[PDB]
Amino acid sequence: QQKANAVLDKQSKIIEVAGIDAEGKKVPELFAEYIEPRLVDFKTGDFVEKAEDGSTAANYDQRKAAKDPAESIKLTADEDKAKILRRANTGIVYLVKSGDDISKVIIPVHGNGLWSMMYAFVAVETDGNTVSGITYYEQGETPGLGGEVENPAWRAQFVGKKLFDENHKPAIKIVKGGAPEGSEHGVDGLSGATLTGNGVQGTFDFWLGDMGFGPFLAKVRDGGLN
């Protein structure tokens, strides 16, 4: 079943955003060496060993969990900034191993675009604030417009940006028509693709908030990884 090729490209994207030099090695090999998947309780931000459905980090299906009322919540329209309708109570994150230390954490985020649900990985430094990279691993927006979330030049703009402001509130901004420079939080919007851009904005506003990875990244900031 492939199914397998889907799992493998996901692993590829994780390795890609992790900034690991692939010394010719294959993806399943690099993933075992450098990646440690962990489950996270969103509300508390704590690492957990199992989800409510009994899954471990190795077999947890967060998308399926999000539609199971036993282990997810229904978001009000106002709460639902990323326009995803529901949120699993437990998330998965991918720790990047240096040696015995954790070098980065990669968090899965998503939000609705114009034509499609848009899924991305965001690589965060162990300060729990600085973005190391971003990659969209599933989206179906129009090439040349919203599809430009896959453009290397647009994604590179996220590198060095801070996720949070001084109150640890979500601070990433999709700035219509080009952010300034020396900008702490701002990246350029997608020209001609405001609706996709709004979906990206909502993605960060929700997933950096109290119902998302907010509590977790706070614990990262306070040294919860190493």
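Throughout, we count residues from 1 along the sequence that is shown.
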Q) Per the PDB record, is the mean Cα temperature factor higher over 46-54 or over 196-204? A) 46-54
Q) According to the deposited model, is the average Cα temperature factor higher in 96-104 or in 125-133? A) 96-104
Q: By the entry's C-alpha temperature factors, tell me which of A65, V40, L163, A32 sits highest.
A: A32
(Q) Taking only the Cα B-factors deposited for this chain, tell me whether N89 sits in the lowest, middle or highest third. (A) lowest
Q | Ranked against its chain, the third holding the CA B-factor of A18 | A | highest
Q) Considering only modelled residues of the same chain, in which third does the CA B-factor of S72 rank: lowest, middle or highest? A) lowest
Q | For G111, the third of its chain into which the C-alpha B factor falls | A | lowest
Q.
Using only modelled residues of the chain, where does the Cα B factor of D80 rank: lowest third, middle third or highest third?
A. lowest
